[PDB]
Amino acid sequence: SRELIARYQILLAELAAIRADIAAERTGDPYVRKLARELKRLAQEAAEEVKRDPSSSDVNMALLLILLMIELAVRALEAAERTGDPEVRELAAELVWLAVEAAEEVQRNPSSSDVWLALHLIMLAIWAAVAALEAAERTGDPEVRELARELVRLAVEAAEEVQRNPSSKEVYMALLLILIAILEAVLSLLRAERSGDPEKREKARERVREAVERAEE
């Protein structure tokens, strides 16, 4: 039972390390390259912690989230590259750097629920950020592209505060508020994608503008 889960998680970790390695080889950006090798290091260290001592559920939960964050973060860096936009790449990279820092904290303190939750919210931030930046590249409207950048910049700043103060509930909630704004913006761009008029274009723009103003509070 527990033996089976441990075998399974070691395989997931070995696979996450290869996925990170592959992305490290494919990328054209030195920051992405550095981070993909860090994600690879983390998956390897996880496989080796589970190997030595599979019997701690704290450690198993800590290492499982790190593995899932890696899988997500690698796909997130690859998707952010697929846009060809250097600023998209750099924003995704700053969020992945924060996730790696929050993973290190989880590794050092696997019994802390606040530290685990901080990494977990940063993984959700990465997911939202990549959705926003991908939706914005499909529009080719320059103002929408800039507003989506503005939203993601706010998320980076708020994810840094969470990473550095995982037990603050107001800081945690400030990030959640920005993710809500980001998804409201994504949902407005998608509903415009599947519609007709440039009336819908300016409608979508106004909703994204309103989302950024909400986040800015």
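Residue positions are given as counts along the sequence shown, with the first one as 1.
When 142-150 is weighed against 77-85, 77-85 comes out higher, by mean CA B-factor as recorded in the entry.
Stretches compared: 167-175, 48-56. Higher mean C-alpha B-factor in the entry: 48-56. When the C-alpha B-factors of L190, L67, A36, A159 are ranked from the entry, the top spot goes to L190. Remark: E105 belongs to the lowest third of its chain, ranked by C-alpha B-factor as recorded. In the deposited entry, the Cα temperature factor of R41 sits in the bottom third of values across the chain's modelled residues. Ranked against the other modelled residues of its chain, the C-alpha B-factor of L183 as given in the entry falls in the lowest third. Per-chain ranking of the deposited C-alpha B factor places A204 in the highest third. Split the chain's modelled residues into thirds by C-alpha temperature factor. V32 is in the middle one.
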